[PDB]
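Enquirer: Handing you this structure, nothing more for now.
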Amino acid sequence: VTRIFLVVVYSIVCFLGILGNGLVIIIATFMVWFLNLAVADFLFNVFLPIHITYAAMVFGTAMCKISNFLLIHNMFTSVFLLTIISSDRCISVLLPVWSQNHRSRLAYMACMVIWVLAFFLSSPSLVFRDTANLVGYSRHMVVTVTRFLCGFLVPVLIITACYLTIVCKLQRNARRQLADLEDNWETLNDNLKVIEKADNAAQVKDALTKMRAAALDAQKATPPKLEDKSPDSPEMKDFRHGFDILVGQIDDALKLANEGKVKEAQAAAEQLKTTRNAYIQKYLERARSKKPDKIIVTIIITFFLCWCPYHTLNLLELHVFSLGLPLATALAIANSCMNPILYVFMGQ
Amino acid sequence: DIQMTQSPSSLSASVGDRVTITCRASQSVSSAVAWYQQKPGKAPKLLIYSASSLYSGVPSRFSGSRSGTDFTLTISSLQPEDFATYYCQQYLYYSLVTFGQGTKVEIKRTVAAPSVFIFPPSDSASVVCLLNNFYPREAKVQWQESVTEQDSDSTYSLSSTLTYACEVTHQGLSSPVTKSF
Amino acid sequence: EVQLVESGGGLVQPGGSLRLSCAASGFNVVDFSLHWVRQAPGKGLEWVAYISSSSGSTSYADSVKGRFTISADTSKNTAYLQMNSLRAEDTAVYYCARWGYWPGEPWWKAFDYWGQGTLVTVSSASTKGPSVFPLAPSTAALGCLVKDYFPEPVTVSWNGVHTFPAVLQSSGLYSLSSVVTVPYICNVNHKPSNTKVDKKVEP
């Protein structure tokens, strides 16, 4: 019945959580911000078995509870760490070479400041104030206006614009690449028909000079998709060598057009077409193709979607249908139980 | 086949100053230009290649940027040894190499009063109007002329020739002075 | 190391022939092309012709197409530049540059190991000794002047002295001056015409 549902809450929250709590710490020891998550989640998960929250069917926990101190600590840590991660990602997207410039002991001080930032509203709110601890809706003096504003409005707004600018900057980078390649593609195609309709060496040399200049420029520019790999990666060397032969075919076609004969220049330019479409065009056909490489978006989305409903029933009642009590622990326990699987899923 | 232009063809910077030289390529040219420093009476030496890199052995003070079809060369400091003529050259193919007009860098000095001497012709006609220890080059004598290279207190000495009175105008002179014989 | 040597530069009658040998020890002519860049006296550098001995693709500048005939021999590590129907506007200092081969780094490096460069001059006048004319003074600047000498090499040795660069005259000869800011004898050293006439300057 009610006791059975409450009894299994502590076992599900602790045993599942503590299994990944030590594992996350061990894995991190063997991602400075994630080290805080493995640490912060472990503190209020270790003290959860002390009071299994099953003393409601023992009149215990007179000067202790999992609610006030531990949930305030957890919410503050999660919000501060999510804001820090979002700000770091936004800075990295928006040229972090000025804000940080790879200056991540400086990040250790900020990492340890999450508890310091937590120790201004989470632990500082250590008081009963008619909380659970074993008229309105708990709003006589504990209306949690600050808890809702800092817990929800501060974290959601900071995170929401942070990835919005991250995806916006990513689109502008990619956009600045497809247009340049398309421009270089357009001049290669446009100048090729003039050569195929050439009448004298006066123009077939001029057309090739423009096409050589475009190929050299396009080689420096990164491809639209299949990008972000290391410059010395075989695929990047495979792409770069694809233009070291295209220009080589330009030099051979232009050198034979410098002597004076032009009937041969089209044939050399023609054989440039058959190799430019078979390999270069196929490369860009699969190119011009979103989500971060990690599960940081997943953990942030899950937390804000499970703890916002926790505070939704906090002030929902106004001065009956009080179903937010049994689901109170379950909603938060799921997030703690979702912490190690998300970390495992991120590692894959 | 392309035209390459440099607007700052005469620079009068001083020691420790920064010099910016612009270079614009008429046709579409990729990052394929170069800059040479020609000391007087010597072969040019490569300074910057591919418009961004630096040659193996050049001081770090020389740097260049592209910023579109134009090109630019920036010098952080002007040591006394680094004072010569700088040429902007592009290279797209082997047969399409075009050199810039050339940028000359000289020594800055405050304006000075030119000294004018008129030399009576030799008995053995031709007179010469002499300018001695004057700066800068912006001085014209009015009645075939040749000025010396920058002397080593950074001053010039112009010399006119005629085959009578010679007068010299200069920013260092409040009014032109006329010498006659 | 890389080292380029030029020769064959000197006085040429307008319409004559010349041959400049770009000897290049160190590297091999097969490895790198050899471009000839000329610099007219008092003007900027100008491209003339190039040779690539690996295959052979000579292509001269527009103004000198046909007249010149560039060649290269790997057995002698040289890149000759035959001169034909030389004109009076082709006087310059001819440098011999180097350039890499596509692809890779050597191509992206432009003309880097320039040669010393040997000047070629064209004029219709012979070589005559300077006629030093004593120059009376007006401080009192003192000096002397020379006229009607050829070719370029000449120097004035005195006993703040200036020696302005030689300026070509409309008659095909040169003219140089000198002056010392004295608050004395004039010596002229003209090696081609071995004249050492002495001039006495006195107010």
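Enquirer: Give me P(r) over region C:133-200, computed from all C-alpha to C-alpha distances, binned every 10 Å, as integer percentages.
Expert: Calculated P(r), rounded to whole percents: 20, 54, 23, 3.
Enquirer: Would you list the P(r) distribution for region A:181-285, with all Cα-Cα distances sorted into 5 Å bins from 0 and each bin expressed as a whole %?
Expert: Bin by bin from 0 Å, the calculated values are 2, 12, 24, 24, 16, 10, 6, 3, 1.
Enquirer: Pairs A:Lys237/C:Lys109; B:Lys45/C:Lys128; B:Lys42/C:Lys200: which are spaced more than 27 Å apart, C-alpha to C-alpha?
Expert: Flagged as over cut-off: B:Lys45/C:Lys128; B:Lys42/C:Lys200.
Enquirer: Amide H neighbours of C:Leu145 under 5 Å, at least 5 residues apart or on other chains, H built in the peptide plane: list them.
Expert: Long-range HN contacts for C:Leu145: C:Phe133, C:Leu135.
Enquirer: Please give the Cα centre distance for region C:107-158 versus region B:39-70, rounded to the nearest Å.
Expert: Result: 32 Å between the Cα centres.
Enquirer: Now, a different point. Taking chain A as a whole, which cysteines find no other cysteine Cβ under 4.7 angstrom from their Cβ?
Expert: A:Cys14, A:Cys64, A:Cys111, A:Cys150, A:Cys168, A:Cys306, A:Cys308, A:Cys337, each lacking another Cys Cβ under 4.7 Å.
Enquirer: May I pose another question? Given Cβ point charges of +1 (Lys, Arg) and -1 (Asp, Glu) and nothing else, what value in debye, to the nearest 20, does the dipole of the protein assembly as shown about its Cα centre take?
Expert: 1240
Enquirer: Can you list the HN-Hα couplings for region A:96-104, worked out from phi with the Karplus curve (6.51, -1.76, 1.60; θ = phi - 60°), rounded to whole Hz and with x for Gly and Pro?
Expert: Calculated HN-Hα couplings, in order: x, 5, 9, 6, 10, 6, 6, 9, 10 Hz.
Enquirer: Something else: Where does the protein assembly as shown land at 222 nm, in deg cm²/dmol rounded to the nearest 500, when only DSSP H runs of n ≥ 4 count, each adding -39500 (n - 2.57), divided by all residues? Working shown, then result.
Expert: Numbers: 14 runs with 234 residues, N = 732.
Here the helix-only value at 222 nm equals -10500 deg cm²/dmol.
Enquirer: Over the alpha-carbon set of chain C, divide Rg by the Kirkwood Rh and report the Rg/Rh ratio to two decimals. Intermediate results must be reported in sequence, preceding the final value.
Expert: Working: Rg = 21.6 Å, Rh = 19.5 Å.
Value, to two decimals: 1.11.
Enquirer: Can you list the HN-Hα couplings for region C:91-100, worked out from phi with the Karplus curve (6.51, -1.76, 1.60; θ = phi - 60°), rounded to whole Hz and with x for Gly and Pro?
Expert: Per-residue couplings from phi come out as 6, 5, 9, 8, 8, 10, 9, 10, 7, x Hz.
Enquirer: In nanometres, what is the gap between the two model label sites at C:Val182 and A:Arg129, each 7 Å from Cα along Cα-to-Cβ?
Expert: The answer from the label model is 10.4 nm.
Enquirer: Sorted from largest down, give the three principal axis spans of the alpha carbons of the protein assembly as shown, whole angstrom values.
Expert: Its Cα atoms span 133, 70, 44 Å along the three principal axes.
Enquirer: Does region B:82-129 come out rounded, prolate or oblate by the C-alpha gyration tensor, with a ≥ b ≥ c the root eigenvalues, rounded set by a/c under 1.5 and, if not, prolate when a/b is larger than b/c and oblate if not?
Expert: Note, shape of region B:82-129 comes out oblate.
Enquirer: To the nearest 0.05, what FRET efficiency results for B:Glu149 and A:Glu235 with a Förster distance of 56 Å applied to their C-beta separation?
Expert: 0.50
Enquirer: Let me ask something else. Using a cut-off of 25 Å between alpha-carbon atoms, which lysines can reach A:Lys261, once sequence neighbours fewer than 8 places away in the same chain are excluded?
Expert: Partners within reach: A:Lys193, A:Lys197, A:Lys205, A:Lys210, A:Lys273, C:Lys65.
Enquirer: For the pair B:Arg61 and A:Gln348, how long in nm is the line joining their label points, each one 7 Å along Cα→Cβ?
Expert: It works out to 5.3 nm between the two label points.
Enquirer: Additional query: For chain A, what are the per-bin percents of Cα-Cα distances with bins 10 Å wide, up to the bin holding the maximum?
Expert: 5, 19, 22, 15, 11, 10, 9, 6, 3, 1, 0
Enquirer: Now a separate question. Can you find, among B:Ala139, B:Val116, B:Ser174, the residue farthest towards the positive end of the dipole of region B:115-180? Put +1 on the C-beta of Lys and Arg, -1 on that of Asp and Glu.
Expert: B:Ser174
Enquirer: Let me ask you something else. Considering the options C:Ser138, C:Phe164, C:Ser175, tell which one lies farthest towards the positive end of the dipole of region C:133-200, charges being +1 on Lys and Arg and -1 on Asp and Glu at the Cβ, about the Cα centre.
Expert: C:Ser138
Enquirer: Still on this structure: Could you let me know the centre-to-centre spacing of region A:1-30 and region B:134-181, using Cα atoms, in angstrom?
Expert: With region A:1-30 and region B:134-181 each reduced to a Cα centre, they are spaced 95 Å.
Enquirer: Follow-up. Which of A:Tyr10, A:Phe120, A:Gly151 sits closest to the plus end of the dipole of the protein assembly as shown, meaning its Cα is farthest towards the positive end, when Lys and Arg get +1 and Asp and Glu get -1 on the C-beta?
Expert: Toward the positive end, the furthest listed residue is A:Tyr10.
Enquirer: Follow-up. What whole number of Å gives the distance from the Cα centroid of region B:85-130 to the Cα centroid of region A:146-184?
Expert: What the calculation gives is 58 Å, centre to centre.
Enquirer: On to the next question. If region A:49-123 were replaced by its equivalent ellipsoid, with semi-axes equal to the square roots of 5 times the Cα gyration tensor eigenvalues, what would those be, largest first, whole Å?
Expert: 38, 11, 9
Enquirer: Over the residues of chain B, compute the C-alpha Rg and express it relative to 2.2 N^0.38 Å.
Expert: Cα-based Rg divided by the globular estimate yields 1.30.
Enquirer: If I model a spin label as a point 7 Å beyond the Cα along the Cα-Cβ vector, how far apart are those points for C:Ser170 and C:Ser17 in nm?
Expert: Each label point is offset 7 Å from its Cα along the Cβ direction, giving 3.6 nm.
Enquirer: May I ask you to list the residues of region C:116-143 whose amide nitrogen lies under 11 Å from a point 7 Å from Cα along the Cα→beta-carbon direction of C:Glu152?
Expert: Hits in region C:116-143 for C:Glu152 at 11 Å: C:117-122.
Enquirer: So if I place +1 on the C-beta of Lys and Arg and -1 on the C-beta of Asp and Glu, and nothing else carries charge, what would the dipole magnitude of region C:3-122 be about its Cα centre? I want it in debye, nearest 20.
Expert: Computed charge dipole of region C:3-122: roughly 200 debye.
Enquirer: Rounded to the nearest whole Å³, what is the per residue volume of the convex hull around the Cα atoms of region C:3-122?
Expert: 99
Enquirer: Which shape class, rounded, prolate or oblate, goes with region C:163-203 when its Cα gyration tensor gives a ≥ b ≥ c as root eigenvalues, a/c under 1.5 marks rounded, and past that a/b bigger than b/c marks prolate?
Expert: oblate
Enquirer: Under the Karplus relation 6.51 cos²θ - 1.76 cosθ + 1.60, θ = phi - 60°, what is the ordered set of whole-Hz ³J(HN,Hα) values for region A:307-318, x standing for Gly and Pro?
Expert: With coefficients 6.51, -1.76 and 1.60, one gets 9, 4, x, 4, 7, 5, 7, 4, 10, 5, 5, 10 Hz.
Enquirer: Where does the charge balance sit around C:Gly104 when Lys and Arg score +1, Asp and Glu -1, over other residues with C-beta under 13 Å from its C-beta? Spell out each step's value before the answer.
Expert: Details: positive: A:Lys237, A:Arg240, C:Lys109; negative: A:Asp244, C:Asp31, C:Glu105.
That sum, taken over residues with Cβ under 13 Å, equals 0.
Enquirer: Kindly identify region B:4-105 as rounded, prolate or oblate by the Cα gyration tensor criterion: order the square roots of the eigenvalues as a ≥ b ≥ c, call it rounded if a/c is under 1.5, otherwise compare a/b with b/c, prolate if a/b is larger, else oblate.
Expert: Prolate shape, in that a/c is at least 1.5 and a/b is the bigger ratio.
Enquirer: Charges only on Cβ, +1 for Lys and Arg, -1 for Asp and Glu: so what's the dipole of region A:181-285 about the Cα centre, in debye to the nearest 20? Please list the in-between numbers first.
Expert: Values: 16 positive and 20 negative charges, 48 e Å.
Dipole of region A:181-285, to the nearest 20 debye: 220 debye.
Since every read-out is calculated from the coordinates, none of them should be taken as a lab result. Cβ sites come from the backbone with ideal geometry, for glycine too, and all protein chains shown count toward neighbours.
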